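Just so you know, structure 1 and structure 2 below are the same protein chain in two forms, each on its own as structure tokens.
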Structure 1
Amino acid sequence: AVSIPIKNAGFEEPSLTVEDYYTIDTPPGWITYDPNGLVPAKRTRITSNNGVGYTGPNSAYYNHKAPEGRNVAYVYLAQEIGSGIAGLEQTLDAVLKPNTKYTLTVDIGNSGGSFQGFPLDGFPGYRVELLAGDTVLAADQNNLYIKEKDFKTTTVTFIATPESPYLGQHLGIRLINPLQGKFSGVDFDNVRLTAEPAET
């Protein structure tokens, strides 16, 4: 299977030193996906936020360290359940090829324990999408159950046929918080995308 390059795929940029420290800017190489205006221009302690978090072996939020490297990404939404969806996305240089099976793998984290006076109990869910152009080709929404303080790996698969209308369009990836529970933060790590031949 051939690995397709992804920018800051492990959220290892930026490098952090302080255990359980969290940035508050979009991870480099990723874009804030925010179709419903849930992530404000000015981010404070009490707003929706995304960024990266140093998750080591003695994390207050996870039983084991980051699935990959030191860092995971997080998408937190402060608004009420049902207000919309937001996350991270990235357009790749790779393009959709026919007779090709695409496998998009991502680790999803459900932070647990305690944060800023209040429990991290609960989980907003997740959605992971493979795109070509602005089309969602394939997606998984909440097929995996993720325990508090745990990470689980989800897989999104798609085969492009010779008749596909999206051949040659740039691939993309979206990591989404669908805001379907509180505490409404969901973490991501170790984004991988492979292509391999498929007979159709």
Structure 2
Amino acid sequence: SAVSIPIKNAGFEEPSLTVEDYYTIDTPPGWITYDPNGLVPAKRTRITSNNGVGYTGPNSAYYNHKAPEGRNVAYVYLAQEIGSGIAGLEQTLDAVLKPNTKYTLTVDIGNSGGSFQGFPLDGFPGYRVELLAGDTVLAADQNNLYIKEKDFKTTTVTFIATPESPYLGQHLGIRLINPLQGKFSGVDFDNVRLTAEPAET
């Protein structure tokens, strides 16, 4: 039986937002900004490279339906040209890597779309989801899922750790990445879940 591994602010429901105050431009609570190529400036604005939380309700400009989970989704927007680097959000968990364990990391990916006040969100930068142990990427999915404009779709990253793994006992981690492989170059995430179950191995 698959056991849920606790994640901080896993559905980006913090902070609480309203139809009136419907976004932040700050790293979601419980998450760290991942910016290996320095695309996110020290001084952010809503038009600079940024990440944050967006109230995604039933009358969202950007989606046909409300948030897959709760009220809010996370977003990662990059202003730089295609191919300039990758950036996103990451979180180190308290849980550690166990042998003969199958890990299932599920995340909803959002392709924000439509036109709002005459501006198009048509196009998509792609996505990458990574499961880590320590600072090793154990498993990853980059763009295997196609997401239509104004839709959210669920991707799944799986990994089995064997008794011979070099990473046993190292802290699990998660990264949610915008790889900047298209414009418009915003991608959203919601409802991060991670389970562990016994595996034959």
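FYI, numbering is relative to structure 1, first residue = 1. What we label the rigid core is the largest C-alpha set whose atoms superpose within 1.5 Å from one form to the other.
Once the two forms are overlaid on the core, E129 shows a Cα shift of 0.1 Å between structures 1 and 2. On core superposition, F115 has its C-alpha offset by 4.4 angstrom between structures 1 and 2. With the core fitted, the CA of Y22 sits 1.7 Å away from its counterpart between structures 1 and 2.
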